[PDB]
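Letter by letter, the chains look like this.
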Amino acid sequence: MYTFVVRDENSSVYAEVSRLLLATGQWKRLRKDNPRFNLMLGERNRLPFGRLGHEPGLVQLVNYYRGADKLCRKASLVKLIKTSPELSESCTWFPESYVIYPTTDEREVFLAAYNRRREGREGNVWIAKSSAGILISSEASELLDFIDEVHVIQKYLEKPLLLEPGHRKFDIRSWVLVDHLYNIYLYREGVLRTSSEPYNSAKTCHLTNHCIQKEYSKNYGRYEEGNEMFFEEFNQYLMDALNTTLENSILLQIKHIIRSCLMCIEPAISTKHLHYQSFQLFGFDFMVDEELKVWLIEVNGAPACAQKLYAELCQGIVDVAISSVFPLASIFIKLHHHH
Amino acid sequence: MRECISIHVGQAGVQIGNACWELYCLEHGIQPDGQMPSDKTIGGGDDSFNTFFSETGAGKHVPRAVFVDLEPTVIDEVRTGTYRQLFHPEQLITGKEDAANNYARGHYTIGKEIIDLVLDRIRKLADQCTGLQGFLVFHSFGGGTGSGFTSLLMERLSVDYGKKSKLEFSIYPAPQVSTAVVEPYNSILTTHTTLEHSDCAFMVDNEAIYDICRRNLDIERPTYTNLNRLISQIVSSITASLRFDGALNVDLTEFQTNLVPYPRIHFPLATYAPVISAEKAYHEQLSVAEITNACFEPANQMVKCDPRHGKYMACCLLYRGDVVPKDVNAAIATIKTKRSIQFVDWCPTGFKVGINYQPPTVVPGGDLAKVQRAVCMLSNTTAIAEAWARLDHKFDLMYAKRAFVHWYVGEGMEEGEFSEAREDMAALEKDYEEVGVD
Amino acid sequence: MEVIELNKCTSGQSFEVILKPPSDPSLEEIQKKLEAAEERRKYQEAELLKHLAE
Amino acid sequence: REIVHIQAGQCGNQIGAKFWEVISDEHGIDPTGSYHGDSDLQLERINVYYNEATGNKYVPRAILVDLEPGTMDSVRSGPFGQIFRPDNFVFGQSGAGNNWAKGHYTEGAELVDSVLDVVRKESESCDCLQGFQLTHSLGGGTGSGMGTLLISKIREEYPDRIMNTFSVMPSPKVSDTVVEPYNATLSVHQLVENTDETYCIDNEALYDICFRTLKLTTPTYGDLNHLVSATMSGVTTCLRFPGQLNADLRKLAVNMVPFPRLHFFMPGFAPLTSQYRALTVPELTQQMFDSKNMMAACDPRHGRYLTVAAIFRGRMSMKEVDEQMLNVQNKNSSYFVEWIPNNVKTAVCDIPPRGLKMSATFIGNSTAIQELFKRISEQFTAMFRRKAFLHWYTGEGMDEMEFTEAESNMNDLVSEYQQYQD
Ligand SMILES: Nc1nc2c(ncn2[C@@H]2O[C@H](COP(=O)(O)OP(=O)(O)OP(=O)(O)O)[C@@H](O)[C@H]2O)c(=O)[nH]1
Ligand SMILES: Nc1ncnc2c1ncn2[C@@H]1O[C@H](COP(=O)(O)OP(=O)(O)CP(=O)(O)O)[C@@H](O)[C@H]1O
Ligand SMILES: Nc1nc2c(ncn2[C@@H]2O[C@H](COP(=O)(O)OP(=O)(O)O)[C@@H](O)[C@H]2O)c(=O)[nH]1
Ligand SMILES: [Ca+2]
Ligand SMILES: [Ca+2]
Ligand SMILES: [Mg+2]
Ligand SMILES: [Mg+2]
Ligand SMILES: [Mg+2]
């Protein structure tokens, strides 16, 4: 009989994991402030990692990696990619980004590259965003004059891959689970969060966010249910249209990007020799251009799953992440690597 | 040559001090009867080891130490132990009724009755010093005497020896061997009133020592004797520079200069390696790189915490044995490119290294095996604040209900001192987070 | 990787390796608090003996 | 650090006598006071309960008090009767007639000063007096009425010493008179104010254990007293042998009493067999925490544990003891208050009790003890609402007001426990 606590009521993923654990008859939930727990479904902000692993006779596991915010923050991700030699200043799969603080800061460096785009004829449309409202302007003055009112200005993918019929944008969400041993498991099932409005290069058709599509989009749900296209359908489209497969044209790059990011921070966040163990579910978001090239947009540390996939994914979390540490009485693709 | 006086308070402090001085004698070649054949200057001298030992006309080397306990059973063992001849009765001070794990009882009630006697016995040792450096104070956080009487002694020492340094060796409470439920209370109370009076304090979490004994020594249920023998090794590595010829940490002042840029943040994290079981017939001797890399594994620290999620303010490497500077630098370069070692922007990213060629000494028949080389790292990292967070949380849980508070008020202590001490810890945690996080 | 201040002797040697440059209450006050605590003790004991006398 | 023992009344002296018989055997002391043991652990702390006399005789530091000579003549003629200091027999002739007022105000007042002279004589020769321990019942007149009078006067002369009692609670299952709820209610208030530690021994629980568990169809007081002997020996193990945890009365109180008035403990013992089988450490732990093995007749699952003191006796795996204790708390953490971290302390003693390879003693400060005070309070009110049997007490000078106050005092104690159970 194992024990666990719940310290994040707004978690839709682990609300299901909690429901599954209880149904096994071998897991007993405790009060959120009870220290004698085997497993903690911790809160998003200020999780007390310092208090974990100090219970004699208790193997303690938490569903978050301390220090993983380095990868799940707009400004943090940019700094980690520019400064880490593994990812290097030259990164073929990450859009050219810059960190700009409102009136270290990279304002002057952002204009230098911006000037070369103004100097020599090239697409000069950039996007400004922050972890907390986005602006897509081709003039640097409009972008900077907007941040004043921490942000990150990166190059806007002006030539994205457009699904037909529709001539519309989209992004790919991949769910990756990392267990206490730092095995990297990529969920076989992804989701394309598509835009129901045709792409106009001249903001509803540019932002593929689910909330924006459901409220601001007029043709919401016309092509696919909930502006969500799963891999089986997307793979068929790639074969019928472009005479290729999802695995070859996109999935190879995604698995490459996932490994590179997680292997980069592994020394900083690994709980191999630590007095408590950590696992965490990540939400990677990718953009695909017309050349069938994959770009990393951001990583989510507290992602929500697609409605149809909650059952399969949450069951997989229990199997490989929870029951592997606390055994009771594959839907993932293991991205092998050198520990 | 400048003398150092050791002060052992309470059961933990006395028994730990008993282990350290035993180890000191084995290292300096001093026999249980106080004789030291290698010492050619009879009845005097200003050698490095004379900072811890005085000399009699008969050639006896007497530790510059004082033992204080409110009940006599623990110090009686020293009076009739193997090294009973080292000390004279003036150095062993015992009462009759202990503090009953009550800080207020050791600080106010019982402490007031013996404070002047202890200071007088300390004054007798200070009068034998031509250039007293300061004091090394051993004690626990959880005991009523270790916590309560130490804070009173530290206050008075600042009054009588304002210019002298004071270092602490503090035993952090661990439930696996704890004897009282109120130890969180005593820990925070004694840290509050002692903070302004300690220049540098080395905390030792019994939890960490306990697991190191179970994990690396194969001790199923470690006892205090197992714990103290390992603790004395770490204490020995920290004081060796004061007892042997060298250039790093040669006086108590240098400890503060090298490890404590901020006075309040004066709790360096100690990490020791290797800890090898003497029961293994043969064990592959570890290299400089291997033992230096082990200084960055939490499993070898005196306090379990994650330095990766903090920032360093200083870092000293104390090697004992077959070690040469070239090997250290080679190990440091490798570790720097494989480890997460972040220093505060206003501090240089470097290491002060000290090497003593004499390899570590082990008590004959003990549990630690003889090794060709060992290292003790002293790193002032903000990560050690995790211990304060743990302690302060348990304090909050009990004090919210005023649980056990009547035991302290009954001794003349006011309930306001509780919140006053907790507020001081709250500020202490805030200082650490400012220096360590962005 | 700079090594500085190398000091050697028969029993060992020390040095410093740099990887990167940067970027009290008086005895009177104590006696008052100690005697103040003893006073609150005596007042509490006196009230107990008064209670027992009733 | 010496402890001064006091046993008052019939129940207090019959139980107190068995206690000295049990621990005298554990320390290797024979009926004549001569030591005949084989282990130095028997004599290392023999001073806590024994005085050393001429010829190397060990005389119990015990004071035997009663208002009738009956039970005390039985002790002096008992097995270990000759071991007690003759001067320490202080007794009257009238008796207390199961009347709290007689023991506390009339008959007892006449004799109390004689007892305090013997207590003073014993204390004067103590190097470092820990405190006192009293054995008595609450349903009678002498142990209940005069016992609490002694506690009040002892506290006045020794206010800085610990006061410990083993208090037998009355039960209609094992009852001598109908006025026992009156006597118990009047005494409980005295204990709430003037003791630091009180082991609540419920004659109802002792009876059920003898009947249901030990398979004794017709239990006698002797059978009940056998359980109390084993329990008293277990709870005092940490005081009588070398150890680190709860080694004296004050440190025990500091660990066990988070609030001054909530100092009433549920004792438990294991094993309880009707017998040559070896008991595993996991078995000791489960039985030790089982409600069927506790002496207060309260369901621990109806409340929460403020603090717990466990004592394992015998040669066993201390590693396995740590594992089992951690398994109890971690598997039933809801029954331990979370605002007192690590409120369970465990001690181990190498010397086991007589006739057992290993045993376990449980000492719990549970809020479920209120069920015992509620029970006494209901029985009290059933009679008091009709002022039934009060003439026995008003005839001794008491007023009904004093009964009303005792009633309100215990309902306050019940409310205080219910406060910390939520
Ligand atoms: N490492 C180590 N810790 C000890 C030792 N002795 C006691 N402790 C710890 O110290 C704490 C209790 O403090 P003590 O030193 O025993 O008590 P004290 O200082 O004598 O003060 P009193 O309450 O008056 O007895 C507990 O948490 C113990 O785990 C020891 O020999 N070694
Ligand atoms: N550099 C870029 N090039 C092209 N399109 C971009 C882009 N950056 C963002 N977008 C589009 O704008 C949206 C911004 O998504 P982003 O992840 O930054 O916001 P968000 O954190 O609120 C949603 P989530 O947390 O689920 O990823 C995406 O849907 C993407 O389609
Ligand atoms: N366990 C136990 N309880 C007893 C014994 N004798 C009396 N009692 C209980 O004590 C109460 C009577 O008190 P008693 O000691 O006889 O009165 P006293 O002599 O005037 O103090 C009743 O509730 C009895 O059940 C005994 O030998 N053992
Ligand atoms: Ca000399
Ligand atoms: Ca008369
Ligand atoms: Mg996001
Ligand atoms: Mg002590
Ligand atoms: Mg009777």
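Method of determination for the deposited model, per the PDB record: X-ray crystallography, at 2.3000 Å resolution.

So, on to the site of ligand 3. Residue and element names in this part refer to chain D. As a matter of local geometry, ligand 3 sits amid 19 residues, with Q10, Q14, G143, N203 and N225 nearest to it. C11 has a polar backbone atom sitting 2.9 Å from an oxygen atom of ligand 3. In the environment of ligand 3, an oxygen atom lies 2.7 Å from a nitrogen or oxygen atom belonging to the backbone of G143. Contact with the protein chains removes 96% of the 580 Å² of surface that ligand 3 exposes when unbound. Sorting the residues of the shell around ligand 3 by element identifies α1 (9-26), α5 (142-157) and α8 (221-235) as the ones contributing at least two each. In terms of residues, the shell around ligand 3 owes the most to one element, α1, which gives five residues. Each residue belonging to the shell around ligand 3 can be placed in one class, and the counts come to six nonpolar, eleven polar and two charged.

Another point: the packing of aromatic side chains. A complete count under the given rule lists 63 aromatic pairs over all chains for this structure. Considering the side-chain rings of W21 of chain B and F53 of chain B, the 5.2 Å spacing of their centres and the 90° angle between planes classify their relative orientation as edge-to-face. Here the residue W21 of chain B occupies a position in helix α1 (residues 10-28), and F53 of chain B occupies one in strand β2 (residues 53-55), the gap between them amounting to 32 residues. Following the ring pairs from residue to residue traces out a cluster consisting of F19, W20, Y49, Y50, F84 and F89 of chain D. Here the guanidinium or amino end of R402 of chain B rests over the ring plane of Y399 of chain B, the centre of that ring lying 4.0 Å away.

A few words now on the interface of chain C and chain B. Facing the 32 residues of chain C at the interface are 40 residues of chain B. Here chain C packs against chain B, burying approximately 3,000 Å² in sum over the two surfaces, 60% of which is carbon and sulfur. Note that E16 of chain C is salt-bridged to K352 of chain B, the shortest N-O span being 3.7 Å. Seen at the junction of chain C and chain B, the total is 14 residue pairs in polar contact. Going through the elements one at a time, β1 (2-9), β2 (12-20) and α1 (27-53) of chain C are the ones with two or more residues in the side of chain C that touches chain B.

Looking now at the UniProt feature "active site" in chain B. Residue and element names in this part refer to chain B. Under the feature "active site", the UniProt entry names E254. Within the secondary structure layout, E254 lies in helix α9 (residues 252-259). Ignoring sequence-local partners within four residues, the contact set of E254 consists of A247, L248 and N249.

Turning to the interface of chain A and chain B, a few remarks are in order. Tallying the contact residues gives 15 residues for chain A and 15 residues for chain B. Of the roughly 1,400 Å² buried between chain A and chain B, counting both surfaces, carbon and sulfur atoms make up 50%. The tally of links from chain A across to chain B stands at two salt bridges. A salt bridge links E433 of chain B to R46 of chain A, with the shortest nitrogen-to-oxygen separation between them at 3.4 Å. The interface formed by chain A and chain B contains eight residue pairs in polar contact. Across the side of chain A that touches chain B, the residue classes tally to five nonpolar, seven polar and three charged.

Cut-offs applied
Residues numbered from 1 in each chain as written, not as in the entry; some residues may be left out. Chains lettered and ligands numbered in written order. Part of a larger assembly, values for the part shown. Heavy atoms only, no water. Near = heavy atom within 4 Å. Polar contact = N/O pair within 3.5 Å; in protein donor to acceptor, adjacent residues only side chain to side chain. Areas by Shrake-Rupley, 256 points an atom, 1.4 Å probe, with all protein chains shown as cover. Helix = DSSP H or I, 4+ residues; strand = E, 2+ residues; numbered from the N terminus. Nonpolar A, V, L, I, M, F, W, Y, C, P; charged D, E, K, R; others polar. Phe/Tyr/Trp six-rings, centres within 6.5 Å; stacked < 30°, edge-to-face > 60°. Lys NZ or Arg CZ within 6 Å of the ring centre and 35° of its normal. Contact = heavy atoms within 4.5 Å. Buried area = accessible area lost by both parts, 1.4 Å probe. Salt bridge = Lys/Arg side-chain N within 4 Å of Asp/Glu carboxyl O. UniProt positions renumbered as here; feature names shortened; annotations may be inferred.

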